[PDB]
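Engineer: I have a structure I would like to understand better, so I am pasting it below and will then ask my questions one at a time.
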Amino acid sequence: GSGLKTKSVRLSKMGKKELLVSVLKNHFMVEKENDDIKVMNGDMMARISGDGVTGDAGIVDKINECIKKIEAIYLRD
């Protein structure tokens with residue numbers, strides 16, 4: 001029998017980037033362009049790249065808040 005359970009099969013509990021997309025999309029209109037994530041709200045726009053964000057400061061501050069809270073959820077902060 002497999003009573004030991006040395007295998008978990010799959011482990012997807014670090015997908016913070018996925019939740020960023022979902023949460024931002026639930027509050028703002030989000031567009032995917034140049035394989036980046038664009039957050040748009042009130043004609044303001046922001047671009048999230050692999051390791052940097054450039055965009056409207058209001059959106060950026062919100063993005064950062066969302067990222068950090070979500071980071072706290074999976075990685076703990």
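Residues in the structure tokens are numbered from 1 in each chain, the chains being A, B, ... in the order shown, and ligands are numbered from 1 in the order shown.
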Which residues, written as JSON, numbers by chain, have at least one atom at most 9 Å from range 9-26 of chain A, with only C-alpha atoms counted and residues fewer than 4 positions away on the same chain left out?

Structural biologist: {"A": [30, 31, 37, 39, 62, 63, 66, 67, 70, 71, 73, 74, 75]}

Engineer: For the structure I just gave you, how does DSSP split chain A - specifically, which residues are strand (DSSP E or B)? Reply as a PyMOL selection string.

Structural biologist: chain A and resi 29-33+36-41+44-48+53-55

Engineer: Please compute the CA of residue 68 in chain A-CA of residue 42 in chain A distance, one decimal, in Å.

Structural biologist: 22.9 Å

Engineer: Take CA of residue 45 in chain A and CA of residue 65 in chain A and report the distance between them in Å, one decimal.

Structural biologist: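 Between CA of residue 45 in chain A and CA of residue 65 in chain A the gap is 16.3 Å.
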